[PDB]
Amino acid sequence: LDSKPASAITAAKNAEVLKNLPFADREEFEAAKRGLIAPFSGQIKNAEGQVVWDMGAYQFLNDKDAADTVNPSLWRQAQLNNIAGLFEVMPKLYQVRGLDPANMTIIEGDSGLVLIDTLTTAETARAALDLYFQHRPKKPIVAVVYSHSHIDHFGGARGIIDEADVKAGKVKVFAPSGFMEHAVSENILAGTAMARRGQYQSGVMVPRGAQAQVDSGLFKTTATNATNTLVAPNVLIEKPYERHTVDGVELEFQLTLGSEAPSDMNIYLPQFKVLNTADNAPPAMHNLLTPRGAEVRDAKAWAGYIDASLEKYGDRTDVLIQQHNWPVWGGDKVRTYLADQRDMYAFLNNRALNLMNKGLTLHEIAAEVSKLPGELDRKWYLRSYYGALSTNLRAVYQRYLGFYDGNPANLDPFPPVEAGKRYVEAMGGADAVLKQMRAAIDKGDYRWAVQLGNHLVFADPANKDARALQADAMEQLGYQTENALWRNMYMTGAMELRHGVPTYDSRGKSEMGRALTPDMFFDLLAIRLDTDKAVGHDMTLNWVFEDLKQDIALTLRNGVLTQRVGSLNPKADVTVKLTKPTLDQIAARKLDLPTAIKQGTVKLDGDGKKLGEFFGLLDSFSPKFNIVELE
């Protein structure tokens, strides 16, 4: 069950990467170290004193070369991602990088500060701003820009600003069209599955070191034991291009909806001749299908938004900045970078669509492609460190055709545990599959080894020999892969196969749900509702929010909850009069239902018994289910 070292094959495969890849090009090291005002190599702690962010854990990477247990290209990116701290881009324009998965852009301006993004957590947002104030003059925050609907960009808002100031208009908070709908839907409805699957993407439960967690492509790792916030925006960007001025700072926003995020945009600074591309063009291939789980992205639209940014800003930009990683300097280097980025995404879309039309299936296309075309294979900033070329090609297939390959044999597949049992039987039995698994590792075919091991582990997760072997093979795949996310996944996989899921959650301190409208909260309840127990409990529940002047009519039929915003059922079984702050207290589980009834904060008309009944049919989700085993 111990962490096995590099096999003969693995070590040879990694040494091969040393040649046939740049390494002699240090342009990225130059671009990352440039502008460094104050480094960061320490820890960021929570209120309870627990570690949130630790850079000191990645010391093994500093000014050294790759171990046999880590792909050299991954090591290169790992080393770059270690360049943390406060950085000047231009006078009045700074950036805090490496104090969180994302970056915070700090624009000076007339009276206060204009911020682009608020990091992932309140503790990191606060620490980034603390490091900035230690070297720059202390001023308030007049404006905030949410580049897009991702938690690493809005998550730390409440740690540095107040909702009260936003609602009053004292602080101007900009966001692209459809932000609220997306910030809450992609991150909470599908939330608990996303948050647990995201643990494989992060490698958070995996220790740091050359035999374990080393990097996450666009950052080191995810923030631990911290608080995630959601402060509703003030001003929404609805036009394809919108110019705005705040505190003597000119901002041109370019809507990039549906590319890296559903609600997304770029921010050009005409006064500074700098372009900020959010996460639309980072120095690694991005995902078209994120491993934590999400809606597929449109590579065609992504390439078109990069190109539209090249045409509109390319001739007007001296330095390109991002919300992940280092800036690219000089108009010519920015123009090459943009065109390469554009080309990479159009290739993913166009080549896949080409091969689909030739009759190739998702996996067939992943095997056929293997490399980016022409000069795209020699660029460090186009490598498969975050997104994967195989995954992305499969994703374009999913997006245009779907999971189903067209072959009727794959029309109704068997679930993991069921397929695993019949395959193990077909393969000769548990011992036979184990001998075959051992042969595959000896050969160095760890890819085939993991396919056998998955069938056995699901057929019987008790087979401790099958588990240890599949973990050993996965570990070797982790030692081999250039992809940081693939490394974090295989590693999280190998650990849990050997041991299991412990006792932890970072989204536990996260009060994301407080920002939610009744309709958003009821959509959560329609998802939380347990169809099996809810069957035969049909009812209608009117809800009236006096503070909101909003009426909502719920209906529970056939164990399915549906709602009508702005309506009231005339023959409703129960009527629930309350306020949003009281609903929030019951949602946060601070205030109890009968406690609220007695208090007077929840007044009921009709069959009052039906509310408690309804709440008794609501499941609770734990984000610690089995992934490599059997829930």
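Residues carry their position along the shown sequence, with the first being 1.
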| remark: Higher of the two mean Cα B-factors (135-143, 401-409; per PDB record) comes from 135-143
| task | Output the stretch having the higher mean C-alpha B factor in the entry; the candidates are 522-530 and 220-228. | result | 220-228
| message | Using only the C-alpha B-factors in the record, can you name which of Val249, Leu516, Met194, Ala419 has the highest? | response | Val249
| When you compare the CA B-factors of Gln599, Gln50, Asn569, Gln585 as listed in the entry, which one comes out on top? | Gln50
| If you rank every modelled residue in this chain by C-alpha B factor, which third holds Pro415: lowest, middle or highest? | lowest
| remark: Among the modelled residues of its chain, the C-alpha B-factor of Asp538 falls in the third labelled lowest
| note | Chain thirds by Cα B factor, record data; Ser263 belongs to the middle
| note | Temperature factor at the Cα of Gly559, chain-ranked in thirds, falls in the lowest
| request: Select lowest, middle or highest to describe the third in which the CA B-factor of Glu311 falls within its chain in this entry. | output: middle
